[PDB]
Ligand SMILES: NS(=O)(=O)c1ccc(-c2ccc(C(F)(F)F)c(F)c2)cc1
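In C-alpha cells, the next block holds one chain alone, the form deposited without the named molecule.
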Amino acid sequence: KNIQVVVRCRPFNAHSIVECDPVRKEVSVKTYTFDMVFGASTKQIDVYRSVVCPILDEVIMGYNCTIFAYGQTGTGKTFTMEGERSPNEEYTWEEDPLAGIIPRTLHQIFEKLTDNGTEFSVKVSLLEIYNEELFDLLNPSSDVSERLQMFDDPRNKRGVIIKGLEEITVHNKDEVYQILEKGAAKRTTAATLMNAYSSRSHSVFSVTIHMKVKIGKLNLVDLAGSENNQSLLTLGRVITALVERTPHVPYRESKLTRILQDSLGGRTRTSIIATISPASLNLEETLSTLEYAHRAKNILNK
C-alpha cells in the first residue's frame, strides 16, 4: 500500500521483446503485475505526476519518503531520475519536457511552498555509495577520495549520522542548478579516479523541508547497475520484510539500508521504479529486473 512498485520500459535506439499494458498494469516479455506500468512512448511528465507527485504531498505533510530507480545500465535509470536538456537551449530546465524526477521535484517544492505563503527552508545533499563507502558529491573543498564516517545516532534509533555530509541550502529554485552542476563535475572526477564507476555507484539525493515546524524529507535513489550486488541484495530483502511485516528487518547488512532505515520504516511511502530495455540482447537482464521487482512486492497476475 505504502510501497508501490512500478515498471517503466524505455524506447529503443527493430526487434521488440517486451510489452506493457497500463490499464491492466502488466508487463509481458512471461508476465508480471505491478502497481503501475509505463511503455516506451511514456513521458517524463507522466512518470512524475503518477509515481512522484502523490509521494511529495506526503513529504509536504512532514513525512519522510524514498523513491528508488532500479535496473541495468541502458534502461533509463539516469534518464528517469535526472533527465536531459532539450536541444538548442530552447527550454529552461523547469520547463524542459526531457527533465527527470530530481529537477521536477525541486521545481514542484518551490511551486507548492510558494503558493502556501508560509516560511519554508529547502536543503539538499548528495552522496555516493561505492564499494560500501560513502562519498560527499556536494562538498566543494574535499578531495574526491575522502570517505565519510557514519555511526548510529544517540538521539535517533531509527537513525545514523553521516559525519560532515554537506547539506546545501537552496534559497530559491534558480540556485538549484548551480548546486547540482558542481555535484555533477565532482562526480565526474570521482568516476575517472575510481574504476570507471558510474555503473557501480549508488546515488542518494536528499531534499529536506522545514515548514514554519513540520519537516518533510525525500530521498531519490539511483542504484548501481543490477546486472551481475550486496547493497542490491540487501535492499530487496528490506523491501520484502516491509511488504509483509516479517520482524527484524535486516537494515544493518548494507550502507544503503542503514542510511535509509529511518525512512524505510516510519509512517512513509516508498516506491521503486524498475527500468527495462525492449531490445533483443537485454533479455536475461529484463527478467532479473522483473523478478527482482516481483520479489520486492509479489503481485499475482489477473
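Here the rigid core means the biggest group of C-alpha atoms that line up within 1.5 Å when the two forms are laid on top of each other. Numbering starts at 1 and follows the sequence shown.
Another form, the form solved in complex with the named molecule, is not on view; read the next lines as being about it.
By the 4.5 Å heavy atom rule, the three marked residues 70, 226 and 235 all count as contacting the named molecule in the deposited complex.
When contacts are judged by a 4.5 Å heavy atom cut-off, residue 27 does not count as touching the named molecule in the deposited complex. Residues of 272-300 placing a heavy atom within 4.5 Å of the named molecule in the deposited complex, in sequence order: 272, 274, 289, 292, 293. With the core held fixed between this form and the one not shown, residue 38 has its Cα displaced by under 2 Å.
With a cut-off of 2 Å and the rigid core superposed, residue 67 has a Cα displacement that falls short of the cut-off between this form and the one not shown.
Once you line up the core between this form and the one not shown, the Cα of residue 98 ends up 2 Å or more from where it was.
Relative to this form, in the deposited complex the C-alpha atoms of residue 266 and residue 60 separate from one another by 3 angstroms or more.
Relative to the shown form, the CA atoms of residue 168 and residue 265 are pushed 3 Å or more farther apart in the deposited complex.
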